[PDB]
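First, one chain by itself: the form deposited in one PDB entry, in structure tokens.
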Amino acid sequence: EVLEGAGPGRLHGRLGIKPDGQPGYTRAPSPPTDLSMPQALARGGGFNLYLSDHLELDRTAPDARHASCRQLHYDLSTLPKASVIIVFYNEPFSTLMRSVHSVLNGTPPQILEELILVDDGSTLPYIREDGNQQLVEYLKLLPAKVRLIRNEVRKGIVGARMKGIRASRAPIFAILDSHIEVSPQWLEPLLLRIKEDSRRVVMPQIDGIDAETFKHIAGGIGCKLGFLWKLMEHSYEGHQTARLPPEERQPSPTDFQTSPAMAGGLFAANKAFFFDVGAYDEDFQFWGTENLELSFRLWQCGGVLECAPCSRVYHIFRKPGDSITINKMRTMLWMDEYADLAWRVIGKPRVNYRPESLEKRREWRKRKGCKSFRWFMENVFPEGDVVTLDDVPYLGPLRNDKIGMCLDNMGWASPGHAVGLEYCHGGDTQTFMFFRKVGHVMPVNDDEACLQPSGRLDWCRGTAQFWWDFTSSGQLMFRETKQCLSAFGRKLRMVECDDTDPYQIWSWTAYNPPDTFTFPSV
């Protein structure tokens, strides 16, 4: 069928009904009262499955859109249809079908070309062809524009996303996850934007669904996402926003904003431009970091990445082999000399990043004319703490020569733990960086953990409570209190600064990286 009794809140008709008037899906009782939340979170793969199975598929959500988003009007006839692609692997029936229902009930059929369901080699009895046919038989109860396609073997996100993209028909495709619910008028703002310029990749903002209670919650994250040298998307910090031009430190919720990085895999894009700009790096293995490789390459090769604060999508906040490291390595091909820093932050890994295929990627980058990563930093993300590698002047052991020991993260680069003094051994547990633009002293393996006068590590904040100065005589001076740290007594205490005190004079290797990153041999 095409449509079956439409209406507001159910734009594609009454979904999932049998030819007898009864829902083709039997909701489950209320979850048991004696429910061990940690064990039920497992059963569901990161969320309360008992509760999900008790909630309706036609679950109505709150309108997360700012008020000024509803005063916008869209002429649905002058908009181009789009193909929504939902990849999934072993996603439970209740959350997958609730995603489909949410889309169909919250998308005008006039602008929705199709809803592509990509089975990435699932093994659950209700998905498989050789199973009980629950999914397949339930789809017959949905509009015909809902299509299912399969992968013999699980290929990962990059592999599954491409399968649906290549299969789509609309000029524009929208990627969503398998555990989502939409706010009203979520697709209209994206289509209007990609219509005026096909080089635009537009991200809907992300709200959340609690893993344990399914309560709808505001994402809170802004629009602009930077990145951490651990190669992870990272929302602009307050001091990073302060570096924006005044006209953009607090823009209206209705206007689109550029973002250096993508929050996940949730976006829309004109199909033709998507392939012209490189699509995905199909040699990325399973899941991880494809979103950064897409953002860097997109900006560098004549594209634009934008958010849409008037396009909200709820997304369950849930509570791999050597693949995740391989992915990061390949991403560094787009980072040029900065790869030297990122390589050390992830621990100078030595894997098989599939070099022969990565070279073919580098010739493509050259043949396309993509800009450099230096341009990327100076033009797309100049608000970062490291815009040029000269902003990392020190990277090495922090040694106090008098006691013959150097600092040690104590196996804990993560924030919250006290730092020790240990005999130097040249390992990554004893190396530290310096970000001069913010006065931060961090272990190389975690640029989110910053040293404090307390002697401990803590989450970095671009403020006075984390600003250090490395003096000409080797003192580590906390700028706020004008005190210098000492190794006296194999203990880290703050004292009065005196270049004569040998316990407060330190050595810090200078970070003078090469102008070109040479990938490690395999």
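One-based numbering along the sequence shown. The term rigid core refers to the maximal set of C-alpha atoms that superpose within 1.5 Å between the two forms. Shifts are known only where both forms have a C-alpha.
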Tell me whether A268 turns out to be unmodelled in at least a third of the other entries of this protein, restricted to those that model residues on both sides.
no
State whether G220, though modelled here, is left unmodelled in a third or more of the other entries compared.
yes
With respect to the deposited sequence, how many residues separating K319 from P320 are not represented by coordinates: none, 1 to 3, 4 to 9, or 10 or more?
4 to 9
Quick one: say whether 50-58 or 30-38 has the higher mean Cα B-factor in the deposited entry.
30-38
Of 397-405 and 72-80, the stretch with the higher mean C-alpha B-factor in the deposited entry is 72-80
Compare the CA B factors listed in the entry for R436, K195, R199, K140 and report the winner.
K140
Note to self: of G369, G347, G288, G303, the C-alpha temperature factor tops out at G369
Of the three thirds of the chain ranked by Cα temperature factor, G238 occupies the middle
Relative to the other modelled residues in the chain, which third contains the C-alpha temperature factor of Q452: lowest, middle or highest?
middle
Place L492 in the lowest, middle or highest third of its chain's C-alpha B-factors, as listed in the PDB entry.
middle
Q504's Cα B-factor: lowest, middle or highest third of the chain?
middle
Looking at the entry's B-factor column for C-alpha atoms only, identify whether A308 ranks in the lowest, middle or highest third of its chain.
middle
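Although it is not shown, the form deposited with a partner chain bound is what the next lines describe.
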Triple contact flag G226, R436 and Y511 to the partner chain in the deposited bound form, non-hydrogen atom at 4.5 angstroms:
no
Taking the partner chain as it sits in the deposited bound form, is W287 in contact with it (heavy atom to heavy atom, 4.5 Å or less)?
yes
Taking heavy atoms only, is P125 within 4.5 angstroms of the partner chain in the deposited bound form?
no
Does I221 reach the partner chain in the deposited bound form if we count a contact as any heavy atom within 4.5 Å?
yes
Give a yes or no for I194: in the deposited bound form, does one of its heavy atoms lie within 4.5 Å of a heavy atom belonging to the partner chain?
no
Please tell me which of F93, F317, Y138, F214 lies within 4.5 Å of the partner chain in the deposited bound form, judged by heavy atoms.
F317
Answer with one of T258, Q452, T241, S235: the residue that has a non-hydrogen atom within 4.5 Å of the partner chain in the deposited bound form.
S235
Select, from the options 227-235, 390-398, 102-110, 129-137, the stretch whose residues sit within 4.5 angstroms of the partner chain in the deposited bound form by heavy atom distance.
227-235
Superpose on the core and compare between the shown form and the other one; which one of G220, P382, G411, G238 crosses the 2 Å Cα shift mark?
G220
Can you give me the runs of at least three consecutive residues whose Cα atoms all move 2 Å or more between the shown form and the other one, with the core used for the fit?
219-222
